[PDB]
């Protein structure tokens, strides 16, 4: 409602770097808010795409940002009569970024990995990898839970069970308030999808440079399966955390699987032990139900509610014709121990191929009426197809069926305005939560500041 669409702030990065593919707010040890931005196609040392991360200080004028430097050199270690290899070429560093405390977690879902033993090999595959940084101290660490030293022959003999060679860890990410990094890996277990959890502190204290393969005893990966419903389900395309069991000492995980059960799609709520609590099933095949998930309490009963985006949902129209527009589903958590029922609300896009639901950002309380609100992106919506972000306000009964405000893309066509979102943080310290929108197609980030209500 009260986001200022007139006086925006623009940060920008190199041309063709996809600056703004991922973003998040970041507070230093002194509470000073900044913006971390991922640029998965930034050039490395050998003039080859490797990705990069930027840490943008807050300035109402915007402008350029300094790099958050990580190691971009390929590594090699000859140990145990084997040869370990990391390949950072086109790894996509910055394809996902997230901030917790004074720590940044930038991930390269397509960093490749191989192991050589004489004439055999483990196969050069995208295990993924995440880079962790404490900017103030300069501390650095890594986390690649899917690296293995098993050879190709073994997987074949064991029928490709527990095959984490194509995890792409870091595809999606989130950090619990307790400090536990949860990575989505939609390619784990031969494209079934897995989750990988581990405390940030243990990642840092157990990491040394050059080891490549090391143990993180406190980590916890999810489990393989033989159920064909999970095949090619990309379990971990998106991830979020919340409280859905009533026990405040336990943290529950929300996981998106947009191709679960033959492209039907599903979202699953789990405990920290990956034991399934609930499962929301897609409404339409190939709609990519689960592409984006969000957790926030919208009706002000203290119980987190769940939002799921199906950007490719095809709405029904006259004369038996369908129209891809996208759709978002709202699930309100019931009082006490009960199962999440049918959707409480269906928000559907309007612009053809607009992909309404591609991103869903909790905004906090934007208008300060006591109910938290959200923002939904249509990266190719709007009358011009340039992109659109729609705001929906919370209410006692859930959300409003119509948007209170619409942000049209200030960028040219193809900017993917809204592909990434993040809100619920006050960057200018005016008492109102603000919104940052990414447009990787234009290599820019747009900051909308919330002002008092007119």
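Numbering follows the first chain given and starts at 1.
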If you average the Cα B factors in the entry, which is higher, 34 to 42 or 47 to 55? 47 to 55
Looking only at CA atoms, which has the higher mean B factor in the entry: 357 to 365 or 200 to 208? 200 to 208
Of 220, 96, 238, 259, which one's C-alpha B factor is largest in the deposited record? 220
Looking at the C-alpha B-factor values in the deposited entry, which of 156, 194, 255, 306 comes out highest? 156
Relative C-alpha B-factor of residue 250, binned into the chain's lowest, middle or highest third: highest
Relative C-alpha B-factor of residue 130, binned into the chain's lowest, middle or highest third: middle
Relative to the other modelled residues of the same chain, rank the CA B-factor of residue 450 and answer lowest, middle or highest third. lowest
Among the modelled residues of this chain, does the Cα B factor of residue 289 put it in the lowest, middle or highest third? lowest
Ranked by Cα temperature factor within the chain, is residue 229 in the lowest third, the middle third or the highest third? middle
